[PDB]
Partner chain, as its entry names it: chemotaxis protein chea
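Take a look at this single chain in structure tokens; it is the form solved without the partner chain.
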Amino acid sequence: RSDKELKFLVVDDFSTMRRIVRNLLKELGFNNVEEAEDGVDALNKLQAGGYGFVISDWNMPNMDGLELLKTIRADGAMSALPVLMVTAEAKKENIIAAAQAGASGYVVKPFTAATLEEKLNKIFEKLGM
């Protein structure tokens, strides 16, 4: 469901990929998107409050996507923030891994506005937001 006003934290290590996700969210109606690069940087940012969703890249320096997912899932107050794992390559192994660690959903790169929206809708339904 198109809530339009939800704060998204796009945690993407690659500048080009990071911009693409933001542009997509904007196009979908979600005009509240902030950006981070890696797991650590994301945690700090998310800790300030306001954010109601995390969009993280699997292949991230220092603290990767899957590790970042765990840090959110266990960080008391942050434990309820939905996670969309942006995977470089999607295979059964990492898909199951993502779900097991708290990931609300996952989107493989490159993904479009429609692909992103489909995932968003699904996440919202599960959460009952």
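Residue numbers count along the first chain shown, from 1.
Just so it is clear, the following notes concern the form solved in complex with the partner chain, a form of the same protein that is not shown.
Peer 1: Check whether residue 54 has any heavy atom within 4.5 Å of a heavy atom of the partner chain in the deposited complex, and answer yes or no.
Peer 2: No, no contact at 4.5 Å.
Peer 1: Can you tell me if residue 28 lies within 4.5 angstroms of the partner chain in the deposited complex, counting non-hydrogen atoms only?
Peer 2: Although the partner chain is absent here, residue 28 would stay clear of it in the deposited complex, with no heavy atoms inside 4.5 Å.
Peer 1: Indicate whether the partner chain has at least one heavy atom within 4.5 Å of a heavy atom of residue 3 in the deposited complex.
Peer 2: Outside the cut-off, so no.
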